[PDB]
Structure formats: C-alpha cells, structure tokens
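The values are calculated or read from the model by the stated rules, or taken from the named source; no laboratory read-out is quoted. Here the Cβ positions follow ideal geometry from the backbone for every residue, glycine too, while neighbour counts run over all protein chains shown.
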Amino acid sequence: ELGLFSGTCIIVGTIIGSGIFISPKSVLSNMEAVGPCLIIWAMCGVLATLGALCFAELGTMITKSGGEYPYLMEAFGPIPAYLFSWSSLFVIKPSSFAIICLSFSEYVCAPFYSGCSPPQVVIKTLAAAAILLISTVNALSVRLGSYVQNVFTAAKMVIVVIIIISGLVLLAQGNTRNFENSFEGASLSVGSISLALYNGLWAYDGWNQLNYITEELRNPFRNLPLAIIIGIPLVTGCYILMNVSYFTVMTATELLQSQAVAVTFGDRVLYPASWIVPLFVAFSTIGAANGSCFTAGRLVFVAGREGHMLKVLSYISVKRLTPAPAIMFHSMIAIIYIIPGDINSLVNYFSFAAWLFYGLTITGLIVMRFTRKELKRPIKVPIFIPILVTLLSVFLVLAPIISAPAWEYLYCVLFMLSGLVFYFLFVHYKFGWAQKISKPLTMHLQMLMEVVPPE
Amino acid sequence: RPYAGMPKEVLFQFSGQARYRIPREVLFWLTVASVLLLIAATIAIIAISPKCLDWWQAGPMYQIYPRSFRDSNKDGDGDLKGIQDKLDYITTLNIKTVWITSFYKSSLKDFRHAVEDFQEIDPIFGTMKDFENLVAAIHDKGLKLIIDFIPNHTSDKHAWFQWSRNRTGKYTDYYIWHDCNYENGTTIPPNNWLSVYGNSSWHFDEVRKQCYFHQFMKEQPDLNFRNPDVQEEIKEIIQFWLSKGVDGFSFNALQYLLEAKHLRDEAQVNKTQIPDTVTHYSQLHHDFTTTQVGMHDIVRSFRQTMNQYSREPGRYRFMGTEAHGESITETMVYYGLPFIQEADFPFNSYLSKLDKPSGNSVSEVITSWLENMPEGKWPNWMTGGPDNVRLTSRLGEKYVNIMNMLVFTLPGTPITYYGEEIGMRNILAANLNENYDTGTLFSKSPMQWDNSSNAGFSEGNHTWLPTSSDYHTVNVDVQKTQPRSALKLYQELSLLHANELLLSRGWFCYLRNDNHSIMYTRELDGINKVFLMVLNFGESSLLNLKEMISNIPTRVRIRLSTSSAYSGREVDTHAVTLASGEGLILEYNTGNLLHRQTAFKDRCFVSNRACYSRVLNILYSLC
Ligand SMILES: CCCCCCCC/C=C\CCCCCCCC(=O)O[C@H](COC(=O)CCCCCCCCCCCCCCC)COP(=O)([O-])OCC[N+](C)(C)C
Ligand SMILES: *[C@@H]1O[C@H](CO)[C@@H](O[C@@H]2O[C@H](CO)[C@@H](O)[C@H](O)[C@H]2NC(C)=O)[C@H](O)[C@H]1NC(C)=O
Ligand SMILES: *[C@@H]1O[C@H](CO)[C@@H](O[C@@H]2O[C@H](CO)[C@@H](O)[C@H](O)[C@H]2NC(C)=O)[C@H](O)[C@H]1NC(C)=O
Ligand SMILES: CC(C)CCC[C@@H](C)[C@H]1CC[C@H]2[C@@H]3CC=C4C[C@@H](O)CC[C@]4(C)[C@H]3CC[C@]12C
Ligand SMILES: CC(C)CCC[C@@H](C)[C@H]1CC[C@H]2[C@@H]3CC=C4C[C@@H](O)CC[C@]4(C)[C@H]3CC[C@]12C
Ligand SMILES: *[C@@H]1O[C@H](CO)[C@@H](O)[C@H](O)[C@H]1NC(C)=O
Ligand SMILES: *[C@@H]1O[C@H](CO)[C@@H](O)[C@H](O)[C@H]1NC(C)=O
Ligand SMILES: *[C@@H]1O[C@H](CO)[C@@H](O)[C@H](O)[C@H]1NC(C)=O
Ligand SMILES: *[C@@H]1O[C@H](CO)[C@@H](O)[C@H](O)[C@H]1NC(C)=O
Ligand SMILES: [Ca+2]
C-alpha cells in the first residue's frame, strides 16, 4: 500500500498544472501591484485547502463511487444532483478542457511570434487541433493514455524547480527593485478581488477530485487530512515561490504584455537554451488535458443509473474498452467553446458555474451534519472551516455578476436553467412521446459507433 | 431485433456492413485528415505572417532638451527629476520613445560637446541615482529611452588627456599628437587642416611640447581611433549605459572619426589663394578629415557591441546616426548592406532645412529620401532639432498644423522636437554668460507649460534662458482646452497613426503634384479603404480630384483636417477648396488600388509588402 509520503506526492503533482503559467498575467492585471497579487496566491491557496478538507468528510461518510453527484443526492434531493450532472457535462468539464488546450497553443506559438502577440486564428486553429488529437488518442487506446502520463508529470515538475531555483539565485544577487515599493497602486475592490480570485483558484483546479486516493492509502482516516493539510499548503508555498520568481526577473508592466508568462522568463534568464520552457510547458499542459479526458466517462456512469443523463453515453466500445460516445461528445462541446471565447472569458465562465456547485456541496456538508443526517463520520472537521468555504464561495459567485457584469455569465445561467427545463419535461413527468425519441436514438448510435453497455 | 439494450454478440450482426459501416471509417478518417490539416494550416499561417514592427518603427519619437523641459529644485535649469514628473504628459501624445540629448558631465555644453566623464550625469541635471529612477519610471509607462552619444572627442579636462600630455602609461597614444615648431607664441601646424569652427586644427600643448588634433574648438581634442586601446574604451561606455536600461543611442559627429594618416595638405577651393589667409573651414576640400576608408567598420563595431544586449525579445537596442549635411548617397551607407548591419536609420534632417514653404521644396525632400533608400529599410522624418530655428519661426504659424499632418502620414517614424506640438517659436534675444552658440541658442527656450512664473517651467526666480514673451496664449494648459489647437490636432494624428494598420504598413503612392499642393495616398490590399492626404502649401486653390486620382468617388468623408472645421463633414470631389496651409485626410472605399496598376509602379513605395486577409484577420507576406 501507499504510505504518507506517497500520500502527498500524488496530490501535489495533481494540483500544480498549467494554471501557474497562465494565471499570473490575469491576477496581476487586476491587482496592479506586485504586493497584493502575492497575497492572492496565498489567500486562494488557503481557501483551496479548506475546500479539499471538507471534501474529505463527504468522501468518507458517504463512501460511494460517484465523485460529487452523490453528495448532492444525499443532502438536497434529486434536483441539485441532476442540475450538477447537467452542468458538469455542458459547462464545467468541456470549458475546463477548452482552457487547458487554449493554454497549450499560447505556449507553442509564442516563440514563433517573438516580440508581439500571435493572431487569434493561430491560437485557435492550434487549440482545435489539440482537442481533436487528445480526444482521438484517448478513444482508440487506453495504454497510450497512461503511457505518456508519468513522463508528462516529470516535465511539469522539472520546470517548476528550474523557475524556482533560478528565481531564488537571482534574488541573492540583489535584483530587488520590483517588490521594493509594492502596494503603491493596489486597486483592491470587490470588482477586482473577485475577478482575481477566479484566476488564482483556477491554478488549484483538481482539489475536489482528491478522494479516490484513500482506497490505497495505508491508514486513510489518520493520514488523508494530514496529506491534505501538508500537501496543498506545500503547493501554495511553491506558487508564491514561483510567482516571486517572475517579478524578480521582469517588471509589472512587461508581465501584462505577454500571455505566455514563462516564455518571457526563459528568454531573459536561460538564453543559451531558452526553447526549453515552451517545450516543457507544452508537455505538461497536454498531459493535464489527458487527465481531463480520462474522467469524462466517470460521472456519466453514476448519473446513468438514476436516469438523469442518457444511458447511451456510458456505453463502451467492444474493440477498445474506451468510452467512445462520452469522449467524442465531451470534445465536440469544447470545439464550440474555443470559437467564441478566449482564455480570460472562459476562466470566468468556468470558475463561475463550478463555484456555485462547490458551495452547494459543502453547505450540504453542514446541513446534513446539522439536522438531517446523524450517521457516523470517520474524520470530522471543525465547524468553522465549512462556514468559511460557503461564505467565501457565496462572495465568489455573487460579487462578479453584480460588480463586473459580463455576457459570459448570462450564457452560463441560461445553460443550467435549460437543464432545469429538461428535468420536468424528460425525467420528472416521463411523457409518453418522450420515450419514443430516446429508444430509437440510443441503439442507432450504438449501431453506428459499435459501443456496448458496460455491464 | 434492435432491442436497444444490446450486448456484444447481437449487434455484431447488424453493425457488420449493412449501412453503418462506411460512415464509421469515413468519419474516423475525416477527423484524422483534419487534425493534420489544422496543424498544417497553422504552420502555413505562422510562416506567411510577416514580422511585427519593432518599437522604433511603431511610434513617434520625442526629442527632449533636458536643460529646458521642467525644473524641479528652483535652480533655473531643468533636470532629470523634472522630466520624470512630466511623463504623464508625454503619454497623452502617444509617444513611444523619449530621446534625451546629451547630459554627461561636460565642460562645454555646445559646439558638439566636451565631456569630462562618459559615465556620470552633469550636476545641473541631477545625480546618477536620479537617472536610474527616470529609466525605471520610463519603462513602467511603456516608453523607451535613447540618449545622445558622441565618441569622437573628449574635453581637455578628461582624465585620459591629463595622463596623455604627461605621457603616462598606455594613454600616451589615446590622442593624435604630432611635432610642431613653437616659438614666440606663434605655431606652424603640421599641415593646413582647419577646424570645423574655423582656425588651424592643431594646437600646441605646453606640457607635452607637441601639437594635438581637434576638429572642433580647442577644448575638444580628438581621440585616436586607430589604436585598439581607444576602441575598447568606447566599447565599455556603450556597455555601461546599456546595462542601466537605456534602449539605444544616437551617434553624432560620425564622419569625423578617422583622419588620413599621411597628414598631407588639403586642396583649396580657390587654388590661387595665399596659403596663410585660409582660415575658414569652407575654403578647403575636406578629403582627408571626413569619411575616411576604415570609418564604417568602426561604426559596424559599435553595432555588434549593442547586439549582445538586444537578443532577448522585446529589448532590441536602437542605433541611429546623424546624416551628412552635404550628401544623401553618403547618408544611405549608414543603412548598412544586406549582409552587414548598421544603424537602424540615419536621422533625416532634410525637412528641418526648408526655410520657405513651397510645394516643390517639400516634394523634393520626400522623393529624394524614398528613392535613394535601400529596399527593405525604414524611413524617418524629422522636422526640427535643437540646432535650427523652430518651425513657427522658419515657415510661419499657419504651417504648424500642415507640418505635423505631413510627418505623421508619411511612411516611417516621425521624430518630434519638444514644443513643436504646441507651436513654440524662437526667442528674440537672451543674455547668457556661458559659452553657447548664439546662432542656434534661441531654439532651446524653456518649455511653456501654463500661465505662471516662467511659464510654469521653473517656479523659481530666474531661468537659464528667457521664455518667449507670448507664453500667455501658446502653452500646454491653454491648448488642451481649446477645441482646435496645434496640441489637439497632434493628439489626433498620433492616435490615428498608432492604430490604423493602414498608416503603419500601407503602401505609399505619391500622385503627381503641381507646385503649391501635395497629394499622396496610403493603401493596403485587403483593407478596402484608402486614405488620401491633400496638403496645400500655396496661396489657395479649388482643385478637382476626379481628374487626378481616377479612383475616387464623388462624395468622400473627411477623416481629419488642420483647420478642424471639417470634423466629419463630407465634401464633393468635383470642388474641394484648401485655405493656404490646409490639409485633409480624405478616406473612402475602393477596390481599384493605385499601386496595382502599371502606370504607378514607378511612384509607389513600401518597406515590407504585406497584404491583408479579411477572413483570417491577419497580415500575410505571401501576396
Ligand atoms: C509536444 C510538443 C509540441 C510543440 C512544442 C513547441 C515546439 C517549438 C519549441 C520551441 C521553439 C524553438 C525555437 C524557435 C525560434 C524561432 C524559429 C523561427 O521563427 O523559425 C521560423 C521557421 O519557419 C516556419 O515556418 C516555422 C513554423 C513553426 C511551426 C510550429 C509548430 C506548429 C505545430 C506544433 C505541433 C502541434 C501538435 C498538436 C497535437 C499534439 C522562421 O521562419 P521565417 O519565415 O523566418 O519567420 C516566420 C515567422 N515570423 C518570425 C515572421 C513571425
Ligand atoms: C581664429 O582665431 C582668431 C583669434 O586668435 C580669430 O580672430 C579674432 O576674431 C574676433 C572675432 O570676434 C575679433 O574680435 C578679434 O579681433 C580677432 N583677433 C585678431 C588678432 O584679429 C579668428 O577670427 C579665428 N578665425 C576664424 C573664426 O575663422
Ligand atoms: C581666388 O582668390 C584670388 C586671390 O587670391 C582672386 O584673384 C585676384 O586676386 C587679387 C589679389 O591682389 C585681387 O586684387 C583681384 O581682385 C582678384 N580677382 C578677382 C577678385 O576677380 C580670384 O579671383 C579668386 N577666385 C574666385 C573664384 O573667387
Ligand atoms: C531538476 C533540475 C535541477 C535539473 C536542471 C539542472 C540545471 C540544468 C539547472 C539547475 C539550476 C540552474 C541554474 C539556476 C540559476 C541560474 C542563474 C541564471 O542567472 C543563469 C542560469 C543559472 C546558472 C541556471 C543554469 C541551469 C541550472 C544549473
Ligand atoms: C470531425 C470532423 C468530421 C469535422 C472537424 C471540423 C473542425 C476541424 C472545424 C469545424 C469548425 C472549425 C472552426 C471554425 C471557426 C474557427 C474560428 C477561427 O478564428 C479559428 C479556427 C476555428 C476555431 C475553426 C477550427 C476548426 C473547426 C473546429
Ligand atoms: C603630470 O606631471 C606633473 C609633473 O610631475 C604632475 O604634477 C601632474 O600631477 C601629472 N598629471 C597627471 C594627470 O599625471
Ligand atoms: C618673437 O616674437 C615677436 C613678437 O613681437 C615676433 O615679432 C617675432 O617674429 C618672434 N621671433 C621668432 C623667431 O619667432
Ligand atoms: C492663464 O491661464 C489661467 C488658467 O489656468 C487663467 O486663469 C489666467 O487668467 C491666464 N492668464 C492670462 C494672463 O491669460
Ligand atoms: C528671488 O527673489 C526673491 C526676492 O526677495 C527672494 O525672496 C528669492 O529667494 C529669490 N529666489 C531665489 C531662488 O533665491
Ligand atoms: Ca576624429
């Protein structure tokens, strides 16, 4: 079995992704000063620990195969559980796949456009060619899914220590001019602080899918809250020790110029071989996308039992045991996302819908702990950590819409309510004609794509 | 038989061939053909996309005389702390580069200079830390800073010269020395070479008992660039200022670097003149003191030293030189060769020479620079400088607006001298007790900011130079409230020139022009909209454009005007009138561009051709 040292080595490699290479530009363009944008990586870094700890509670007491769909079924009933299954198939999961592949073409095409920004047609034609290739490889094969994963998480950590070591050595040589007079132009406001917590928290995406490790942990109840409260706080410490290593080299005015922040860094510090950064970051960013496509068939299976989502999506192909209808539908929605929007208009769109369901979950944590459920819970968290995560997330979901309204939020609210319409007219009322539109659809799809129900 | 829930063995009957087999492989091979046709399309777009414009090609420069911009500590002389206070005014003009003339520790602040230490700031301008705070404040605004560099001579108080007259160490050959007979205060020089300001160009030194060479006044001995010790010293000064963040240099007096080693006498212009009365620089043919053989390999060596700092993207170091006043084919050598790189452009001072505003005088300068220039080079247009009478005193107040609209719509980089956006003028008299060139001193008057003591420049008792008397009407504070002012038009042109994509890299077709009027268009291929600038330098006119362009509709919109009365008013092509210094930026749509025809391939100019794609919204260089 896996010990406590390995108990964190899985979670720390899980948290650090392609968010630390794209968000610094976006969190700084809203703080305007080096000083405050360093406390955002800590403030959101702590807020991600209390989130993952609260998720350890629901992960032990419910103890079901579903990821987060059970936790809303056990507390609020069937409508939030379905509404989450709806959004996590059309909003949360596809848009997070489009941001990872939009951020892989910012780093591949940034060197060939030295000195200026590349056109939008180049960073979308290259992203659309990554979504189709990542979703085709993961449908034809499974070995190739985990073949290149352990190497893609090596390049991810090789760069993380190269940027840190270089940004520390340069700090010993006295390059202190950038954070000498911090906080001078800090634009702290509910408008900026919220919009800068979105981009800071996107770099922590992956803390909710951390409960699966307990099955192989040596002593889960005693070590998992430990592997979390020392694993993620070790990562936020590796972010402020990496965002500091940016401002040591370049200034606050040159940061907002380039979208590929680490490419601007490798040219300034690693001139003999500066191509190493756009090459290694392109490895890790396409590896984190491989992790998203693997879990696409996961939730549709558990939601396929309760007749919430269509059961054809969980069918497996016979020649290769890969959830082909789940994948090619998971990517086809992403292609429709990279066309209208760009990275900054999608991190807001993603971190909006994702954070209301992140709130409803941990409120269900206390609501079940307060009145409805009296079952035994193996590990218990203090009462003050969940009430903070909900009071924080209620600020995160509601301040951006009122203070900095945008058209991205409208299309997000119209998506969930559209699923709410699909609840009554398709699963709640069970109309007669509603059936005869489903039955001929599923097996014809099965006929065309040679897929088979899993069990 | 369907029975929608279907395990493995049953559906293998249906899914075999019947109809659903051929769509599977034709759709699987479609997504494969597309994946290698999107990574093929992005490579085809990255390859055909042309290089974006550098920071010195993208926006105007702004030449500041640091002793006359803004005084901070009430001593009467501007300084580097006062330039930093006004950086927010400079960014309302959409300036990209701030060019500060020489501020080194000098013993002579004119006559091209006399520097005592190439690595210090003169006390009257501040201290070495006042400069580092200004270089930081400039970079945070998004601007760039280039400084004057003049490597030909030093002052006779420089440490190198004090050692050289003493014959100390290796410094004995930093300067050009020679033996000369000196008795009873009168010296015979080694030859008849003359100074640029006019007298024998050799001067006897009492400590060395030899004559030292100087092109300029006696306080400026010439460095000896023929020995490799001096070139490594000039190489460390270029490296000292680039490490502080300076974004490039402006090399001055470059034709005077090398001289002939044989020291033979020149040829007089009037051969039958007595060789003891030749005391004027203009009375000789200067074939041994200017532009010698190995001069261009020294300037190409300065460019390599600046290349060690211009490798990281976004921090290219600009190098510009001042042009030879007499020749234009000698000026174009500073552009370099297709395989040896040199100055990014030599500064075009030929517009600063016009003393009478005629249509053919301005037209001759434009076509002389653009046809003599090498192929893929970048032009620049400089309409003023510290060494010539200001534009309002050279041509007249009615030509301030027509002259800013000219240099902002021409191809290349416009270089503005401080106070030319508000229409400053020369002062009439001053009483200075320092050694300054009284012929070119009146174009350095303090900048007029508002109505106050000393036009708001000093806030002190006195200024180093008197401000112009009429600073109550022409100053920044008054001019940025008026609706139609020279400063208001200047902020409209530099904004239009900034984000148009048609003014920055469009073609330039110079249509025919009679005297008293100039007409030229800027056009790109896939833009489907052309600009037409009609500038009237004459008395007045009622000109019919339909005969001249043969591409224009009968109703065109006025995008800009110098009299500012035509904000958005449309006019009739049949009859347009221009009131003696009026300029219009006409703008219309057309599909027949002037450079595509055959009769205009002789009079259209572009640096790097690039067509436009509406569906891709990109520039591409394949067309
Ligand atoms: C996993 C790793 C992936 C790659 C990582 C990164 C690899 C690179 C890492 C690092 C870059 C290495 C250093 C490069 C320095 C600059 C070199 C340069 O400009 O060369 C050009 C070569 O001319 C060309 O045409 C170059 C074409 C480049 C195509 C890029 C690949 C696109 C698809 C990637 C795969 C997608 C797969 C998706 C599915 C997986 C110069 O040509 P030019 O005509 O002189 O200038 C034209 C351009 N400008 C300058 C004018 C603007
Ligand atoms: C060369 O230098 C001599 C000085 O030795 C200049 O002669 C003087 O010029 C000034 C002009 O303001 C007169 O006031 C003096 O009377 C002149 N001195 C004598 C002794 O005549 C001479 O002009 C210089 N040559 C130039 C400038 O071409
Ligand atoms: C060039 O200078 C010479 C003088 O060195 C001019 O020749 C004549 O010189 C005598 C000197 O006694 C004068 O009296 C004459 O008046 C001069 N002739 C003139 C002025 O025509 C010669 O003319 C000069 N040439 C030019 C082209 O200026
Ligand atoms: C897993 C990691 C350690 C593998 C990479 C090891 C090597 C290639 C790395 C580790 C630390 C790096 C150094 C860190 C800091 C600096 C200072 C900088 O001004 C120049 C580059 C230089 C000198 C780096 C050179 C490359 C370097 C020596
Ligand atoms: C699977 C097979 C059958 C069809 C695949 C079609 C794919 C390759 C096509 C369909 C629509 C296309 C997109 C249409 C419009 C845009 C916007 C443009 O600014 C960049 C390219 C981009 C984003 C295209 C990328 C390629 C694209 C996604
Ligand atoms: C030059 O020599 C004299 C005579 O000894 C001496 O006084 C003076 O200091 C020397 N100057 C320099 C710069 O060496
Ligand atoms: C000596 O000086 C006088 C100064 O009046 C001068 O006339 C004379 O020619 C000089 N003699 C020599 C030999 O230089
Ligand atoms: C100078 O301008 C100010 C406005 O800032 C105005 O109040 C004042 O009257 C002006 N003075 C003169 C003499 O015009
Ligand atoms: C200018 O003159 C006034 C008159 O008293 C004096 O107070 C002031 O100090 C003078 N300015 C300076 C800089 O000395
Ligand atoms: Ca010389």
Is one or more of the residues making up region B:71-90 within 14 Å of chain A (Cβ to nearest Cβ) and among the hydrophobic types (A, V, I, L, M, F, W, C)?
yes
Considering only residues of region B:459-484 that are of a type in the set (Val, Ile, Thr), within 28 Å of the chain's Cα centre (by Cα) and part of a loop (DSSP other than H, G, I, E, B), which is farthest from ligand 8 (Cβ to nearest atom)?
B:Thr467
Can you find a residue that is more than 20 Å from the chain's Cα centre (by Cα), surrounded by fewer than 19 Cβ atoms within 10 Å (Cβ to Cβ) and closer than 30 Å to A:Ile92 by Cα anywhere in region A:281-302?
no
Does B:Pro411 count as in a loop (DSSP other than H, G, I, E, B), over 14 Å from B:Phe69 (Cα atoms) and away from ligand 10 (no atom under 16 Å from the Cβ)?
yes
Keeping to region A:222-246, report how many residues are touching a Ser or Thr at 6+ places or on another chain (Cβ under 7 Å) and aromatic (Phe, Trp, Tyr).
0
Cβ-Cβ under 9 Å, sequence separation 6+ or interchain: first residue in region B:194-221 and within 16 Å of ligand 6 (Cβ to nearest atom), partner of a type in the set (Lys, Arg) and not in a loop (DSSP other than H, G, I, E, B). Which pairs?
B:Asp205/B:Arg165; B:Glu206/B:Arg165; B:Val207/B:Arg165; B:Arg208/B:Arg165; B:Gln210/B:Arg165; B:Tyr212/B:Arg165
For the structure I just gave you, tell me whether A:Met73 is surrounded by 22 or more Cβ atoms within 10 Å (Cβ to Cβ) and not hydroxyl-bearing (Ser, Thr, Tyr).
yes
Exactly one of A:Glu184, A:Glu216 is away from every other protein chain (no Cβ under 14 Å) and of a type in the set (D, E, K, R), and that residue is A:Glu216
Pairs under 7 Å by beta carbon, first residue surrounded by 13 or more Cβ atoms within 10 Å (Cβ to Cβ) in region A:404-416, partner among the aliphatic types (A, V, I, L, M) and outside any helix (DSSP H, G or I), six or more apart or different chains?
A:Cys412/A:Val91; A:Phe415/A:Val91
Within the group B:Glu342, B:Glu312, which residue is in contact with a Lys or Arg (Cβ under 8 Å, 6 or more places away or on another chain) and within 14 Å of another protein chain (Cβ to nearest Cβ)?
B:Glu312
Among all residue pairs at least 6 apart or on different chains, which show Cβ distances below 6 Å where the first residue, located in region B:158-186, is not assigned by TED's automatic domain parsing to the domain that holds B:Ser200 and the second is more than 16 Å from ligand 4 (Cβ to nearest atom) and assigned to a strand (DSSP E or B)?
none
Looking at this structure, is A:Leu28 touching a residue at least 24 places away in the same chain (Cβ under 8 Å), buried (at least 22 other Cβ atoms within 10 Å of the Cβ), in contact with a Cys (Cβ under 6 Å, 6 or more places away or on another chain) and not charged (D, E, K, R)?
yes
From B:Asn388, B:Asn380, residue being over 20 Å from B:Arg522 (Cα atoms) and of a type outside the set (D, E, K, R)
B:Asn388
Within region A:119-129, identify whether any single residue is more than 14 Å from chain B (Cβ to nearest Cβ) and either among the small types (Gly, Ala, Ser) or surrounded by 21 or more Cβ atoms within 10 Å (Cβ to Cβ) (or both), and answer yes or no.
no
Residues that are more than 16 Å from ligand 10 (Cβ to nearest atom), without any contact (Cβ under 8 Å) to a residue 60 or more places away in the chain and in contact with a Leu (Cβ under 9 Å, 6 or more places away or on another chain): does region A:95-113 have at least one?
yes
Are any of the residues in region B:292-299 in contact (Cβ under 8 Å) with a residue 24 or more places away in the chain, in a strand (DSSP E or B) and over 24 Å from B:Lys51 (Cβ atoms)?
no
Would you confirm whether any residue within region B:411-423 is at negative phi, in contact (Cβ under 8 Å) with a residue 12 or more places away in the chain and surrounded by fewer than 20 Cβ atoms within 10 Å (Cβ to Cβ)?
no
I'd like to verify a number: residues in region A:282-321 that are at negative phi, out of contact with any strand residue (DSSP E or B) (no Cβ under 7 Å at 6 or more places or on another chain) and outside any helix (DSSP H, G or I), how many?
8
List every residue pair whose Cβ atoms sit under 9 Å apart, with the two residues 6 or more apart in sequence or on different chains, where the first one lies in region A:146-160 and is farther than 15 Å from A:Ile16 by Cβ and in contact (Cβ under 8 Å) with a residue 24 or more places away in the chain and the second, anywhere, is among the β-branched types (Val, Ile, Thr) and surrounded by 15 or more Cβ atoms within 10 Å (Cβ to Cβ).
A:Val148/A:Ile286
Which listed residue, of B:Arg303, B:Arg317, is in contact with a strand residue (DSSP E or B) (Cβ under 9 Å, 6 or more places away or on another chain), surrounded by 15 or more Cβ atoms within 10 Å (Cβ to Cβ), among the basic types (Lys, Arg) and within 14 Å of another protein chain (Cβ to nearest Cβ):
B:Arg317
Since A:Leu270 meets every condition but one in (1) crowded, with 16+ Cβ neighbours inside 10 Å; (2) within 14 Å of chain B (Cβ to nearest Cβ); (3) in contact with a helix residue (DSSP H, G or I) (Cβ under 9 Å, 6 or more places away or on another chain), which condition does it not meet?
(1)
Considering only residues that are within 14 Å of chain B (Cβ to nearest Cβ), within 21 Å of A:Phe283 (Cα to Cα) and aliphatic (A, V, I, L, M), which ones fall in region A:230-261?
A:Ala260, A:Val261
Show the residue pairs meeting these rules: Cβ distance below 7 Å; 6+ apart or different chains; first residue within region B:431-454 and on the phi < 0 side of the Ramachandran plot and away from chain A (no Cβ under 14 Å); second residue within 16 Å of ligand 2 (Cβ to nearest atom) and among the acidic types (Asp, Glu).
B:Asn435/B:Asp110; B:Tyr436/B:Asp110; B:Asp437/B:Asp110
For A:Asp342, work out the one condition from (1) within 20 Å of A:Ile62 (Cα to Cα); (2) within 17 Å of the chain's Cα centre (by Cα); (3) among the acidic types (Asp, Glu) it doesn't fulfil.
(1)
Among residues belonging to region B:1-26 that are more than 7 Å from chain A (Cβ to nearest Cβ), surrounded by 13 or more Cβ atoms within 10 Å (Cβ to Cβ) and not basic (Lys, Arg), point out the one that is nearest to A:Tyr107 (Cα to Cα).
B:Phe12
If you go through region A:130-157, how many residues are of a type in the set (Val, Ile, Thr) and within 8 Å of chain B (Cβ to nearest Cβ)?
1
What do you reckon, is A:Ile366 over 30 Å from B:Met6 (Cα atoms), part of a helix (DSSP H, G or I), of a type in the set (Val, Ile, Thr) and touching a residue at least 40 places away in the same chain (Cβ under 8 Å)?
no
